[PDB]
Structure formats: structure tokens, C-alpha cells
Engineer: 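Below is the structure I would like to discuss, written out as C-alpha cells.
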Amino acid sequence: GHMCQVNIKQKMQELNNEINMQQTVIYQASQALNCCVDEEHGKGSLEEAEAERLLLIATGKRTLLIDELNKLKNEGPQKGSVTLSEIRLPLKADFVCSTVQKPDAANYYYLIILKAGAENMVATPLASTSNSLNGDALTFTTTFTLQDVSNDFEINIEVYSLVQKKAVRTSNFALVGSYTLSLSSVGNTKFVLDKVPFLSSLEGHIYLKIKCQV
């Protein structure tokens with residue numbers, strides 16, 4: 001049981017405020033990352049990686065809000081569900097071996113961003129080969145459930161990788177793959193990632209379970 005918006009201004013204001021909140025997070029994650037001048041001050045730590053993740057998330061969310069708001073301001077005069085789960089990201093065996101044979105060279109973190117609507121974005125926690133690897137793939141705890149959804153739904157998956165070796169800024173998490181799930185993806189469990197960087201750690205597929213009710 002939910003109340004409908006009173007007017008278009010209230011919605012715009014809500015979006016506007018959320019944009020400003022996200023910018024605060026961006027600014028603060030930036031200020032924290034700027035303090036990471038050395039290992040004594042947190043450089044190359046997990047804490048730093050988490051800050052990079054938050055910067056990424058707030059940046060991405062802010063972008064969706066901006067687009068929605070621009071959409072609202074250009075409007076003219078005035079059921080089903082999809083569930084994603086058991087996400088798995090297979091890595092190349094040779095990459096993994098390098099982390100074993102040269103474990104002090106770098107730290108590697110991965111995450112997944114799931115975006116459907118503009119107010120519909122979720123990011124998995126950080127995953128690493130140290131704590132998420134089953135077989136040759138990273139396992140994610142994350143379940144993503146989309147309600148009151150139409151049959152032309154799209155869910156954008158973005159895979160990010162962070163490499164740590166040995167004024168507002170941009171997250172060091174880099175986009176290492178993307179895929180758009182739609183109705184035609186239903187019943188499938190293995191998808192070919194687009195935009196995978198030349199010579200990346202990713203095997204190039206992503207695995208997941210899609211439940212769907214209409």
C-alpha cells in the first residue's frame with residue numbers, strides 16, 4: 001500500500017536531493033582516497049579498495065539520477081517479476097596462477113553492478129580470488145529482484161576490476177565487461193560479456209540464474 005506522488009515537483013526534488021547526497025559520498029570517498037599517500041596511511045589496503053568501490057557506486061547512481069531527472073523535465077503535458085542470482089565470474093587459469101606465484105605484486109578486486117531502472121542499481125561487495133573462488137569462477141552473494149516489471153525489461157550488468165599494485169576523482173575500478181539481460185535471456189545461464197578488455201583476467205563469460213514470473 002503506497003501513496004502516489006502529489007506532483008512532478010516533489011519527484012524532481014527527491015531526485016535532486018538524492019543527486020546531492022550521492023555527490024557528498026563522491027566528495028568524501030575522494031577525500032579519503034587522497035589521504036592514501038602510503039601504506040602507513042592506508043594505501044593498497046582493503047579499506048582503500050572499499051572506498052574505490054563506494055566512489056564507483058555513488059558515481060554510477062548519480063549518473064542514473066541525472067538522466068531520470070532530465071527525462072522528467074522533458075515530459076509533455078499530463079506485471080511480472082525477474083530475479084537474478086548465483087552470479088559467477090570465471091577467470092583465466094594463468095592469471096590466477098600469477099597471483100599464486102607472485103602474490104605480492106598486486107591485489108585484485110572485482111565487483112558487479114546491476115542496473116535496471118534509474119533508482120534501481122545494486123553493487124555486489126568486493127570479491128577476490130582469496131575469498132570467492134569456486135572452481136575457476138568468482139561467486140557473488142548477491143540476489144537481484146525486480147518487481148512490477150514489463151516484458152521489455154532490460155537489466156544492465158557491468159563487471160568491474162580494481163588493480164592495486166605494490167578535488168573530486170574517478171574510481172580506479174575499471175569496466176571489464178558488460179551485458180544487457182532481457183526477456184530473451186530467460187532460461188539461459190551462460191552469457192558472453194561484451195567490451196572485455198584485450199588481455200584481461202576474465203575468461204569472458206558470466207554465469208547466472210534467472211527466475212522470471214509473468
Side-chain angles (χ1 to χ4, degrees), residues 18-67 87-92 94-115 118 120-133 136-142 144 156-180 193-206:
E18 193 50 40
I19 287 166
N20 293 331
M21 290 295 93
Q22 290 305 330
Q23 291 182 174
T24 293
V25 174
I26 291 180
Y27 177 79
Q28 293 178 351
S30 284
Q31 292 290 95
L33 289 166
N34 287 324
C35 295
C36 293
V37 299
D38 56 37
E39 302 189 19
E40 190 215 12
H41 292 132
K43 171 165 188 300
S45 67
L46 177 60
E47 198 172 3
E48 189 191 29
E50 299 283 358
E52 297 277 3
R53 170 177 173 275
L54 289 186
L55 184 51
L56 182 73
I57 294 176
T59 298
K61 193 164 307 177
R62 167 178 184 275
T63 283
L64 297 170
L65 301 164
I66 289 179
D67 286 333
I87 303 164
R88 288 182 305 125
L89 183 74
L91 307 175
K92 292 177 183 175
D94 62 336
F95 160 77
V96 174
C97 193
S98 300
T99 71
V100 167
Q101 295 185 308
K102 291 169 182 177
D104 290 329
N107 294 330
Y108 305 88
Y109 299 99
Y110 303 83
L111 63 78
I112 311 284
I113 305 279
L114 300 168
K115 313 180 305 178
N120 297 148
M121 162 167 171
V122 72
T124 65
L126 299 179
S128 64
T129 52
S130 182
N131 62 47
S132 301
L133 204 71
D136 70 339
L138 301 169
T139 300
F140 298 84
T141 164
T142 301
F144 178 82
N156 300 282
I157 302 178
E158 292 171 357
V159 188
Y160 290 89
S161 171
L162 167 70
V163 190
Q164 29 184 220
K165 297 180 178 297
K166 179 63 179 180
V168 168
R169 43 191 287 177
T170 303
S171 191
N172 289 117
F173 267 101
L175 181 66
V176 299
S178 58
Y179 195 85
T180 301
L193 289 174
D194 309 316
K195 308 180 63 178
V196 171
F198 185 85
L199 209 44
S200 87
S201 60
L202 305 193
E203 181 267 354
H205 288 84
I206 188 168

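Each residue takes its place number in the sequence, starting with 1. Only this structure's heavy atoms are used, side chains among them; waters, hydrogens and symmetry mates stay out.
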Engineer: Mind checking the NZ-CG spacing from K115 to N120? Nearest 0.5 Å is all I need.
Structural biologist: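 Going from the NZ atom of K115 to the CG atom of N120 covers 11.5 Å.
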
Engineer: With the side chain counted from C-beta on, respond yes when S171 and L33 share a heavy-atom pair under 4.5 Å apart, and no when they do not.
Structural biologist: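 No, too far: nothing below the 4.5 Å cut-off.
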
Engineer: Do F173 and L126 come close enough that some side-chain heavy atom pair is under 4.5 Å?
Structural biologist: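 Yes - at least one pair of side-chain heavy atoms lies under 4.5 Å apart.
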
Engineer: Would you confirm whether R53, through its side chain, and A123, through its main-chain N or O, come within 3.5 Å as a donor-acceptor pair?
Structural biologist: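 Side chain of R53 to backbone of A123: a pair is present.
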
Engineer: Does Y27 OH have over 12 foreign heavy atoms under 6.0 Å away?
Structural biologist: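 No.
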
Engineer: Any idea which heavy atoms bring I206 and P90 closest together, and the distance?
Structural biologist: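 Distance-wise, the nearest heavy atoms are CA-CD, 4.4 Å.
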
Engineer: Applying side-chain hydrogen bond (donor to acceptor under 3.5 Å, both in side chains), can you list everything that pairs with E47, at least two apart in sequence or on another chain?
Structural biologist: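 Residues passing side-chain hydrogen bond (donor to acceptor under 3.5 Å, both in side chains) with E47: none at all.
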
Engineer: How long is the span from the CG atom in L54 to the OG1 atom in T59, to the nearest 0.5 Å?
Structural biologist: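 It is 10.0 Å, given to the nearest 0.5 Å.
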
Engineer: Please name the pair of heavy atoms, one in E48 and one in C36, separated by the smallest distance, quoted to 0.1 Å.
Structural biologist: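 Taking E48 first and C36 second, the nearest heavy atoms are OE2-CB, 3.9 Å.
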
Engineer: For the CG atom of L162 and the CG atom of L111, what is their distance to the nearest 0.5 Å?
Structural biologist: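 Going from CG on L162 over to CG on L111, the span is 8.5 Å.
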
Engineer: Show the nearest heavy-atom pair for residues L193 and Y179, with the distance to one decimal.
Structural biologist: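 Closest approach of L193 to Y179, heavy atoms only: CD2-CB, 4.0 Å.
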
Engineer: For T63, what residues pass the side-chain contact (heavy atoms from CB on, under 4.5 Å) criterion, not counting sequence neighbours?
Structural biologist: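 Per chain and number, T63 pairs via side-chain contact (heavy atoms from CB on, under 4.5 Å) with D67.
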
Engineer: Rounded to the nearest 0.5 Å, what separation is found between the OG1 atom of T24 and the CD1 atom of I19?
Structural biologist: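 Going from the OG1 atom of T24 to the CD1 atom of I19 covers 12.0 Å.
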
Engineer: What's the separation between atom CD1 in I87 and atom CG in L138, rounded to the nearest 0.5 Å?
Structural biologist: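 Interatomic distance, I87 CD1 to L138 CG, rounded to 0.5 Å: 11.5 Å.
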
Engineer: For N34, give me all partners under side-chain hydrogen bond (donor to acceptor under 3.5 Å, both in side chains), at least two apart in sequence or on another chain.
Structural biologist: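 Per chain and number, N34 pairs via side-chain hydrogen bond (donor to acceptor under 3.5 Å, both in side chains) with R169.
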
Engineer: Could you check whether any side-chain N or O of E158 sits under 3.5 Å from a backbone N or O of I113, counting only pairs where one atom can act as donor and the other as acceptor?
Structural biologist: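 Such a contact is absent between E158 side chain and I113 backbone.
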
Engineer: Taking only residues two or more places apart in sequence, or in another chain, which ones meet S161 in a side-chain contact (heavy atoms from CB on, under 4.5 Å)?
Structural biologist: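 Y110, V163, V176.
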
Engineer: Taking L46's backbone N and O only, do any of them form a donor-acceptor pair with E50's side chain (distance below 3.5 Å, no angle check)?
Structural biologist: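 No; zero donor-acceptor contacts below 3.5 Å.
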
Engineer: How close do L65 and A118 get, heavy atom to heavy atom, and via which atoms?
Structural biologist: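 Heavy atoms only, the tightest pair is CD2-O, 4.3 Å.
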
Engineer: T180: which residues meet the side-chain contact (heavy atoms from CB on, under 4.5 Å) condition with it, sequence neighbours left out?
Structural biologist: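 side-chain contact (heavy atoms from CB on, under 4.5 Å) list for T180, sorted by chain: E154, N156.
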
Engineer: Can you name the closest pair of heavy atoms from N107 and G44 and give their distance?
Structural biologist: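 Minimum heavy-atom contact is ND2-O, 3.4 Å.
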
Engineer: Restricting to pairs with a member in residues 25-44, which pass salt bridge (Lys or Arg N to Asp or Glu O under 4.0 Å), not counting sequence neighbours?
Structural biologist: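 Non-adjacent pairs meeting salt bridge (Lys or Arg N to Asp or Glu O under 4.0 Å): zero.
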
Engineer: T124 side chain to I112 main-chain N or O, any donor-acceptor pair under 3.5 Å?
Structural biologist: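 Here the side-chain-to-backbone pair exists.
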
Engineer: I need the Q22 CD to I57 CD1 distance, nearest 0.5 Å.
Structural biologist: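 If I round to the nearest 0.5 Å, the distance is 9.0 Å.
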
Engineer: Heavy-atom distance under 4.5 Å between the side chains of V96 and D136, does that happen here?
Structural biologist: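 Result no, sub-4.5 Å side-chain heavy-atom pair not found.
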
Engineer: Using every non-hydrogen atom in the two residues, find where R88 and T139 come nearest and quote the distance to one decimal.
Structural biologist: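 Minimum heavy-atom separation between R88 and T139: CG-OG1, 4.2 Å.
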
